[PDB]
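Chain by chain, the residues:
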Amino acid sequence: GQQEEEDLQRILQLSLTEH
Amino acid sequence: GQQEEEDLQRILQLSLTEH
Amino acid sequence: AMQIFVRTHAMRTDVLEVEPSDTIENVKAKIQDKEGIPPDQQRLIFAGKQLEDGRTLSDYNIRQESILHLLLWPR
Amino acid sequence: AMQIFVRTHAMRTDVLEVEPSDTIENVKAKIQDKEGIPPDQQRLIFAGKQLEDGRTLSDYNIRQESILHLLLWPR
Ligand code: NA
Ligand code: NA
């Protein structure tokens, strides 16, 4: 679904600097 | 725990205007 | 023994078709079908109130297009 | 039939004691103990990568005090 993919993108983005 | 109570407070706060 | 951190995220909206006569548990059961969270690990909130499992949506004036909030509750 | 919205929220940090030899599933199983989310409904992320259940933390360079992200994945 669209919400889940947009959230996935947001969290992948976040993990780039929060690891 | 402290995190759960602070999150609970945040969400109760939010629901006051998002209902 | 290794120590790591897990940051949990959920920020999504779900639509439920329910009945006013349904209990908060029956709502929690519909939710569990979607998101897999056990009902005893869901804290449902509406308009500043925490909702009680044995009481009905009608008891809280939950009506068509009401926005409930679900907080994940650890164990 | 009544229509309502449920907005789901989770924004918390959890600490796990794990082993580098542990699979992402064994991590997902420790997580499930805390938060009750079935492992097949957890999407674990680290440093821009989605983590695979059969592979180990050592395969992703997950080390002491690494921050993993958990996304709730509906069903
Ligand atoms: Na971001
Ligand atoms: Na708020």
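Listed as the method for this PDB entry is X-ray crystallography; the listed resolution is 2.00 Å.

In the annotation of the PDB entry, chain C is listed under the name Ubiquitin Variant and assigned to Homo sapiens.

Caption draft 1: The arrangement of empty space enclosed by the protein in detail. All names here are of chain C. Its volume calculated, the second largest cavity comes out at about 30 Å³. If you list the elements that add at least two residues to the lining of the second largest cavity, you get β1 (2-18) and α1 (24-35). Take the lining of the second largest cavity: its biggest share by element is four residues, from α1. Across the lining of the second largest cavity, the residue classes break down as three nonpolar, no polar and four charged.

Caption draft 2: Spotlight on the sheet that holds strand β1 (residues 2-18) of chain D. With mixed pairing, eight strands are arranged side by side in an open sheet as β3(C)-β2(C)-β4(C)-β1(D)-β1(C)-β4(D)-β2(D)-β3(D). Bordering the open sheet on either side are β3 (49-50) of chain C together with β3 (49-50) of chain D, each of which pairs with just one other strand. With four bridges connecting them, strand β2 (residues 42-46) of chain C and strand β4 (residues 67-72) of chain C associate as antiparallel partners. Paired with C:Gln42 across the strands is C:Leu72, a residue of β4(C).

Caption draft 3: Highlighting the nonpolar core. Judged by nonpolar contacts, the single largest core of 38 residues is most densely connected at C:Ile62 and D:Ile62. When residues of this core are traced back to their parent elements, those giving at least two are β1, α1, β2 and β4 of chain C together with β1, α1 (24-35), β2 (42-46) and β4 (67-72) of chain D. Residue contacts for C:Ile62: discarding those within four places in its chain leaves C:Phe46, C:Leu51, C:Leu57, C:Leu68, D:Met2 and D:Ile4.

Caption draft 4: Expanded view of the relation of the copies chain D and chain C. Aligned on chain C, chain D shows an RMSD of 0.0 Å; the corresponding rotation is 180° and the shift along the axis is 0.0 Å. Those values place the two copies in the arrangement expected of a two-fold rotation axis. Judged by C-alpha distance, D:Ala10 is the residue of chain D that lies nearest the rotation axis, at 2.5 Å. A share of 100% of the interface residues of chain D reappears at the interface of chain C, consistent with the copies meeting face to face through the same patch.

Caption draft 5: View of the interface of chain D and chain C. If you look at the interface, chain D gives 44 residues, while chain C gives 44 residues. Those elements giving two or more residues to the side of chain D that touches chain C turn out to be β1, α1 and β4 of chain D. Looking at which element gives the most residues to the side of chain D that touches chain C, the answer is β1(D), with 17 residues. Per-class residue counts for the side of chain D that touches chain C are 24 nonpolar, nine polar and eleven charged. With 17 bridges joining them, β1(C) and β1(D) adopt antiparallel strand pairing. Counterpart to C:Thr8 in the pairing with β1(D) is D:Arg12.

Basis of the calculations
- Here the residue numbering is sequential from 1 along each chain as its sequence is written and may not follow the entry numbering; residues with no coordinates are omitted from view.
- All chains are assigned letters beginning at A, and all ligands numbers beginning at 1, according to the order in which they are written.
- To obtain the side-chain values, all non-hydrogen atoms of the structure were used and water was disregarded.
- Residues with missing side-chain atoms are left out of burial classes, side-chain pairs and their counts.
- Here a cavity is any set of points on a 1 Å grid over the protein atoms alone where a 1.4 Å probe fits but cannot get out, and a pocket is any open set with protein on both sides within 12 Å along at least 5 of 7 lines; a residue lines the site when it has an atom within 4 Å of a point.
- Grid points are joined across faces, edges and corners, and a volume is the space filled by probe spheres set on the points.
- For helices the rule is a DSSP run of H or I covering at least 4 residues; for strands it is a run of E covering at least 2, with both sets numbered from the N terminus onward.
- Note on residue classes: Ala, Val, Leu, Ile, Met, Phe, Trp, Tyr, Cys and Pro are nonpolar, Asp, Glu, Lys and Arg are charged, and everything else, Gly too, is polar.
- If DSSP finds at least two bridges between two strands, the strands pair.
- Think of a nonpolar core as a cluster: buried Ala, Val, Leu, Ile, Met, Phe, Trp, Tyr and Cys residues, connected wherever their side-chain atoms sit within 4.5 Å.
- Residue exposure (1.4 Å probe, protein chains only): buried if accessible area is under 20% of the type maximum, exposed if over 50%, otherwise partly exposed.
- Only heavy atoms enter the contact rule, under which two residues are in contact if any of them lie within 4.5 Å.
- Copies of the molecule are overlaid using a least-squares fit to their C-alpha atoms.

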